[PDB]
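Chemist: piece number one of the complex, untouched:
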Amino acid sequence: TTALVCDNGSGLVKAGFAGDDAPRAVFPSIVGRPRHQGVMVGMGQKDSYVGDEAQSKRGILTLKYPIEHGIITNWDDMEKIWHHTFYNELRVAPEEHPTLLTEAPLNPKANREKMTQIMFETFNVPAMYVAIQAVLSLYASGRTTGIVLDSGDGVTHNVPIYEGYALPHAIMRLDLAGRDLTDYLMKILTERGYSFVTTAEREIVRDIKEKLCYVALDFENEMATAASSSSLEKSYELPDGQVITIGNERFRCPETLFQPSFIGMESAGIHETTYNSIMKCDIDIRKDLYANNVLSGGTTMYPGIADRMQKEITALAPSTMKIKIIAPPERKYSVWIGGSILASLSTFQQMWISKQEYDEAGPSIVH
Amino acid sequence: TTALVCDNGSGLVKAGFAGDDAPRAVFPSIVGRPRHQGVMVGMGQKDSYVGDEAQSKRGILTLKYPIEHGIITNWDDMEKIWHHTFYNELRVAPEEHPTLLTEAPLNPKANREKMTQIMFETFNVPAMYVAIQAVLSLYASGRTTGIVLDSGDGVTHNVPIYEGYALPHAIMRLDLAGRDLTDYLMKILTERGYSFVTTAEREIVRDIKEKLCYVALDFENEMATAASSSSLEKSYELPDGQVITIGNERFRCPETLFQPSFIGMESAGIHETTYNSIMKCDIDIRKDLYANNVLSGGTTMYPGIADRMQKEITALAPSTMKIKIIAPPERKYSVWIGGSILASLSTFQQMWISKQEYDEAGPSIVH
Amino acid sequence: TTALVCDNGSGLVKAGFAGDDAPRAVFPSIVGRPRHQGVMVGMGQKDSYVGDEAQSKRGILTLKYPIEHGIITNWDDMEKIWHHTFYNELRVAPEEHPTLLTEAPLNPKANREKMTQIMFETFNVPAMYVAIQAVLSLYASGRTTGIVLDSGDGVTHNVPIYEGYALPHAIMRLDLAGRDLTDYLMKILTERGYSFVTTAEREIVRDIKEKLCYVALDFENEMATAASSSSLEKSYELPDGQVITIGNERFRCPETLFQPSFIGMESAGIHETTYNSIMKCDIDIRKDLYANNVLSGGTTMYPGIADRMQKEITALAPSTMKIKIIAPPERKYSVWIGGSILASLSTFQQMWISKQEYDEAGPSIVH
């Protein structure tokens, strides 16, 4: 009897059986709702739209994200994406295999006591377990020392590790992820005659950022030479029938992760939060984090991120020891791959929450 | 020497000398072109039309708006309304007094680099300056801290400001203003036998909206009682020789600004965009924006707006603090009045773009 | 001519003339710097704010403490709070009255060699004098023998004294005061859906701790019964209008001073550091420290601190002698009150550092 590893995170859904290598069920966490009525005769009059079906009719349906920066805002729409996975894509009954959920660290207590209630009352699950994304994304490389820089779509977290001894005090959250970049891209794209404000067109410009947009080496270097368009522009085709050509808006959009001054927050960037959290730790464990930094998530995919971490961090940190960053390919599933092999060990089975240990004790035992 | 304050925006044109209190030249941005020929002993000929002369001959001529939602569409018609202004109404040469232009915030770059070229190559202006309508409309009241709700004719902008230090990140534009309301009134009036398709009759129904049509307190409470037309109906004298009598189509037209669910967009109303931008600001400055909101523009003189904003915002925002809306009379000319007094200060003369500076720099120092 | 009693400590500033009973000019040690770049004419200006004016603009201005844990980190901003006080609030010329500064005990030599240089080269002061906190905080009670437990905001010090003869070897510093509590509260507050990361909201949650939060009698007794919402919760009125209600986060935040395991340091709590310093002294002077302990500072203000010192200390010490703790009201200003009466005696005027003496000896006669 295998286990079910599901990652209920913002952006995409990574669910599948344990012990595998790649999940066979991927779909964005969207809830489609009909806007107007029906201009033709002979269509589906249903209201609940879950899965990849809403992506084909974005101009007609209304998309909405149920999870907002990790914190579960809406609850009646969160159950829709959980029942459709176990009866359409996976096609497995939850009463036969345990479900291993995954939640972001530093999560408010208003979501942990309600997430286990859905997986017990509604969905009859024999045993469940939740943990921190930094641990599940650590087994993907086979190491137990370093710092995990998780940046998916909710909140960017920086949780280090030292031979299995976690440090909850070094958990410094940062509201700079994938959803925070598409918001700044909307206001910076309308300066060329491309007016957009409709929610249906928010995911159209997001696909352009995942390929064309990247992280440049310097900020005040490519901007002075951006007036002469020679290699920083490329024509993109839309399914509606328009031509979109960007110029200097390709490298300045991912700069928000490094420069929080674009949104208007006095917090530190992704290159400074990974260094300030190390200062709060012990001096003896401040030598195995610079050359052992691991960056995972779905947002950290711009061709040029690993080449920038060896400059801004090296300038702040004293240049004496060695600094090396590892960036393995296909890091979007670092939580699902590392979490599937975690349930294969024999020592992990002694941590599942029993059905009789919840209704007789209370939700205060999952913490 | 005095200055020239001209607000070249969609809808109407406000021009005049600086230091005054009311402009003396107002005319809509229309380009009259003869469509059908008409032989008559007396009239003839004059090909192109510009100014308030085309308003007297609408059934023969054809009007066209050169500016569309702030974005400058065509350019051969934008110069006609500028040369016919300083040599007919103002009767002053631009080579003697500086021209102070005004543009809408979050404007595309295709209009800033081209507007300064016309005011430098064609019209020999010694110095020019552009800014944001939210700042110029703030000097008309005589305050410092206060979010400006400018709703002219194209795009409604909400740019808050807390004691001089503005916040460009809280600029949330909305495509719901003046021109966006007369389009929905045409498709809703055809059900009562009053249908029009000619562009000449588009401004006839606009004058009816500026007087009879207003904003009510509630929407769903007036629809159930709309069957017994006793006080919500009034006959209108059509210049051609007809009687226009509307009933329930009086308060539902301005409701589009509050409920965008009538046209076909997933955007929010005018009372939600002014509240969502406050959430993005700091909590320390979220206590001087509800009781200090200032509304300006052309799409505001509806008798019944100040009494409605005190209820929709109160239903969403907590009722712990106090909410007070200020609406001074003659709020339509707040851009021209505030722009004339701004040039009277001695510290403002050090911000004009010199002619010798643009020839050495180029289209880059305007921003 | 009287003397100037100033306290250049972290948190708040206590300045005023000598011989008084309460300071007439208090302001936090914050520096105001603009975040964004507002576009106005005749605003401000004030590039670097100083004083209590930044409390009204905490969101716009970037708050930053120039002094960190007693050690003067930044120097160009430390002079701003020294010139703004002697020419706005006090309005006294430094060339007429001697300035009596106050520094924390066990400070680096880099601060004593630079603080006196500013009070000699820039600010022309005829005579100055520096001392440690446990001396000035002792004259406020009118006693001689008694260990002083000073806990202001940066570093908590425990400097005992037996009849004037101080003991520098028994000085045990602890980085657990006022600044270390608001940092742990920032991480424990986000567990209920209240996310805060901006520096502007660091002082907002600090005022809640100064009234609602207190030190309880036990730790595991009130927490086990905190599952039921009874009298352990109270709603606070934020300046914005939101409703914030905490549960068990009222007594667990002040517990960090007693249990340093919350942050992640192997140091001892405030109740154990005061006991280990007595062990390093002679046995004859180990009987006049438990019944004569004095606790001062700005942090020691929780209603329940004096009731706890008679239990944890009594349990460790042999239950035979008497342990009495004295805590007079208004113990925060005890450093400024004790320093004003110290400069009133005739035997204190023969200890000031002469202006001509420092220029002929150097910074080595300061100690």
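Modeler: All right, it came through fine. Numbering: from 1, shown residues only, chains lettered A, B, ... in the order given.
Chemist: Quick one: residues contacting the residue nearest to the spatial centre of chain A.
Modeler: Geometric centre of chain A, nearest residue: residue A:152, 1.9 Å, by C-alpha atoms, centre = their mean. For residue A:152, the contacting residues are A:9, A:10, A:11, A:177, A:178, A:297, A:298, A:299, by C-beta atoms under 8 Å, 6 or more residues apart in numbering or on different chains. The C-beta positions use only the backbone N, C-alpha and C, and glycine is treated the same way.
Chemist: And for the fifth one, the neighbour number?
Modeler: Right, residue A:178. 23 (other C-beta atoms under 10 Å in any protein chain shown).
Chemist: for residue A:323, what are its contacts?
Modeler: Neighbour list for residue A:323: A:290, A:291, A:310, A:313, A:314, A:317 [criterion: C-beta under 8 Å, 6+ apart].
Chemist: List the ones among these that fall in helices.
Modeler: Under the assignment DSSP state H, those contribute A:313, A:314 to helices.
Chemist: Residue B:142: which of the contacts of residue A:323 is nearest?
Modeler: residue A:313 (50.4 Å; C-beta to C-beta).
Chemist: I'd like the distance between the closest one and chain B.
Modeler: According to C-beta to the nearest C-beta, to the nearest Å, residue A:313 stands 27 Å off from chain B.
Chemist: From chain C, how far off is the closest residue to residue A:162 other than its chain neighbours?
Modeler: Nearest non-adjacent residue to residue A:162, counting by C-beta to C-beta, 6 or more residues apart in numbering or on different chains: residue A:285, 4.9 Å away. Per C-beta to the nearest C-beta, residue A:285 is found 11 Å from chain C.
Chemist: Return the backbone torsion pair for residue A:285.
Modeler: phi -100, psi 20 (degrees, to the nearest 10).
Chemist: to the structure above, add chain D:
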Amino acid sequence: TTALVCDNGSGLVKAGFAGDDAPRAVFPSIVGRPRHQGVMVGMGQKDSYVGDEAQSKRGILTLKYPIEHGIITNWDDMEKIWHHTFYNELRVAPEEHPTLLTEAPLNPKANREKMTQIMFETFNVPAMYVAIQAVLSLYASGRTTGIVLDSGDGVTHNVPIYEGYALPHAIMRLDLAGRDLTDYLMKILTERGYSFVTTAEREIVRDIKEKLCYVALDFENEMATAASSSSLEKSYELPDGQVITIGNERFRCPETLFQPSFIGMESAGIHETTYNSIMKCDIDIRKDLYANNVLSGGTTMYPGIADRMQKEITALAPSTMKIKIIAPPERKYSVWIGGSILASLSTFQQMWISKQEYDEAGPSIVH
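Modeler: Placing chain D onto the earlier chains gives this:
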């Protein structure tokens, strides 16, 4: 059949077979205990570490010395360093070779009756023997006349000898050794902006004292010239990467052994205790202790100790004779070398405590 020469002194452990010249098993007397509670699967485990493994994980493992100033404070942790050595470093069964322990002189009776019990009940040792570190470190040179100055890590002992005849009246213990110098270094290093309070950093600054710090020739000589530091400063490389440069803190830290007035103690230094004990002995044996003084231990390793003993002692003692001090290299391991050669003779084999004799007599025949 050889014997096992082990040293249970504080600081380091010197174990090995008898008849050799250098021990092959050295490790600090530290216990590794977990601090935080990590959430990992398959970590460690090892709840209690022992050996040199804790030196690589000092930031997490809480360092704690089981022996304090010779007196065994903790007993459950003292057995950990004994069983780990006989099965990992030495890899020899205690049932085949006798174990020769070494204890400090003037040891309390509560330790001799307990240390011998562990080697009989838990471990199965055929015969054991305890004595005094002064006589054991005397045979390392080849003489049996003079005074042995043993300064290991906790308590410095000065026990003379005169042809086998011991003098217990001249035994004057002093709490000034290796552990007493690193405590004063913790408070004297923070005077330059380098704050330290964590127990893990106690061994980091200890390595600097064992190499850079030394004993100068005079106290009031190198301090007056500390303003123009031309050769008393040197940059040290930390494992983290920070740069720490000390000035006058290089010679003033080891001065505590000569001037006990630094830590608030009015006792005599290492140069005065060795002179007062001689005056308490006979008169004819006064010419065999000045020119025959032997210094041993781990603390007496600073390059400059032998050059200072010829000035302070000669100034006090009459200069009518000769005072020669012997300091052979590798004097730290003199206790283990002298303990192995002593068990090689035939007169020492008849002094071991038989296992069957301890059961018939009791814990009273050990003294």
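Chemist: if we can go back for a sec, now name the helix or strand holding the residue nearest to the centre of chain A.
Modeler: Residue A:152 belongs to no helix or strand when assigned by DSSP states H and E.
Chemist: Now do residue A:56: how many residues are near it, please.
Modeler: For residue A:56, using other C-beta under 10 Å, the count is 10.
Chemist: Over to the one 3 residues further on?
Modeler: Using other C-beta under 10 Å, residue A:59 has 12 other residues around it.
Chemist: ok, now how distant is it from residue B:264?
Modeler: Plainly put, residue A:59 is 10 Å away from residue B:264 if you go by C-beta to C-beta, to the nearest Å.
Chemist: right, and residue A:175 touches residue A:69 too?
Modeler: Yes - the pair residue A:175 / residue A:69 is scored as a contact, 6.3 Å apart, by C-beta atoms under 8 Å.
Chemist: What parts of chain A come near chain C?
Modeler: With C-beta under 8 Å from any C-beta of the partner chain as the criterion, chain A comes near chain C at residues A:69, A:71, A:106-110, A:167, A:169, A:171, A:173-175, A:261, A:264-267, A:280-281, A:364.
Chemist: what about the residue nearest to the centre of chain A, distance to residue A:124?
Modeler: 29 Å.
Chemist: now do residue A:232
Modeler: Using C-beta to C-beta, one obtains 55 Å as the distance from residue A:232 to residue A:124.
Chemist: Which of those two has more residues huddled nearby?
Modeler: Higher neighbour count among residue A:232 and residue A:124: residue A:232, with 17 against 11, using other C-beta under 10 Å.
Chemist: does the more buried one sit in a helix, a strand or a coil?
Modeler: coil (DSSP: H, G, I helix; E, B strand; the rest coil).
Chemist: Over to residue A:328?
Modeler: Under three-state DSSP, residue A:328 falls in the coil class.
Chemist: while you're at it, add chain E from this line:
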Amino acid sequence: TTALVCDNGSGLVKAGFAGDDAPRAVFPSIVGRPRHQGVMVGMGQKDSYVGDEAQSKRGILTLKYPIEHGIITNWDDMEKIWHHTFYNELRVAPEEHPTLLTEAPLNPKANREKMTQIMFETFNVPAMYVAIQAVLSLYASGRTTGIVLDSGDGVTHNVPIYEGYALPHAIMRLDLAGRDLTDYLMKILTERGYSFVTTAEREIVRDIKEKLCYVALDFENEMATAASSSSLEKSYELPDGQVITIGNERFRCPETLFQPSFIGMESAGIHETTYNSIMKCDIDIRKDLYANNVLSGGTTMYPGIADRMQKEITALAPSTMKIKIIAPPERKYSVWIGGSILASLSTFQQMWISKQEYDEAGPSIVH
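Modeler: So that you can see how it sits with the rest, here is chain E on the chains above:
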């Protein structure tokens, strides 16, 4: 006009007017000196303390005995205790009453020519006289025949006398008194985990010997039952609060007087000096020294001395006579009581040294 009887003995000072019964001026011979450097204003000052005030501040003041084993070591501290008595305790001018001093017998010419110089040059004493503590302590009982055993604090002297005639060849001094017992108690107390080295704690353990410690009947009859502590132990209450309980360390400390083998000196015990001195006298006076032995001093109030002198002396002396020891109460003040009644006679008044006689003869008439 009466006389002043002052005793300059080590340990305590017995001064008062002649003709009384108990002295009213008693204080230890200690000189309080500041150890640390307190940074306070209005403390002390008193650079040199003298009297019973130093007993309340032992943990700060440095204790030092000006007289060592009778021989005056430091003369600058000896004058301090002489001037403090005549102006605080006695409150009598030395120019009105003669001062009667008393020195120790058998002096190597060091306390005769220098002791009288202070009472003549500095102090203005009309007449003074010095003698021997043995004869002066004999008049307290009313007899003129018998050996006097004066065991105070420095050196125990045994000078017999047979009706006025004093044999100088029978004077046998022994360095075993009160100060010689508290030194052996320091090294014998640390064998139970109670370490002491501070000079302030030397008087704390001395007070325990004056009550709990006493002279037992034998020696080997109590060491066999010392392992089972049933009635030979008692918990002592320290002024700090610690619990110190000794076992066999109660009667073994006073045994050093009888058995000097615990130190290492070649001299015999106190019961051999009283027997060997009789053999050096005449043969006819051998029947008046065993039954007329008088023991006095400070080292005699041990409950268990009269029961021991009748066993060791009787076993050595021939059992063909009568042996009886007399021990009147308050034997410690026998020197001051016997010295005051001696000055009341008309014969002793003609033996004083006149002020005009010492200046004309010299320091040679003191003997």
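Chemist: back to the contacts of residue A:152, now that we've got chain E?
Modeler: Applying C-beta under 8 Å, 6+ apart to residue A:152 gives the contacts A:9, A:10, A:11, A:177, A:178, A:297, A:298, A:299.
Chemist: Which of those has the largest number of neighbours?
Modeler: Ranked by neighbour count (other C-beta under 10 Å), these have residue A:299 at the top, with 27 neighbours.
Chemist: Correct me if wrong: that residue contacts residue A:174.
Modeler: No - taking contacts as C-beta under 8 Å, residue A:299 lies outside contact range of residue A:174: 11.6 Å.
Chemist: for residue A:23, phi and psi?
Modeler: Main-chain dihedrals, residue A:23, degrees, to the nearest 10: phi -70, psi 140.
Chemist: Wasn't residue A:158 part of a strand?
Modeler: Yes - remark: residue A:158 belongs to a strand, assigned using three-state DSSP.
Chemist: Wait, it touches residue A:167, no?
Modeler: No - counting by C-beta under 8 Å, residue A:158 does not reach residue A:167; the two are 10.5 Å apart.
Chemist: still on that earlier bit, now list whatever residues contact both of residue A:299 and residue A:174.
Modeler: Both residue A:299 and residue A:174 are in contact with residue A:156, where contact means C-beta under 8 Å, 6+ apart.
Chemist: Next, the distance between the ends of stretch A:91-108.
Modeler: 32 Å (C-alpha to C-alpha, to the nearest Å).
Chemist: Check which residues of it are buried.
Modeler: Residues A:92, A:94, A:97-108 are the ones in stretch A:91-108 that count as buried (16 or more other C-beta atoms under 10 Å in any protein chain shown).
Chemist: Name the nearest residue to the residue of the stretch 151-300 of chain A found nearest chain E, ignoring sequence neighbours.
Modeler: Nearest to chain E in the stretch 151-300 of chain A, going by C-beta to the nearest C-beta, is residue A:284, at a distance of 32.5 Å. Counting by C-beta to C-beta, 6+ apart, residue A:284 lies nearest to residue D:59, which is 3.5 Å off, once chain neighbours are set aside.
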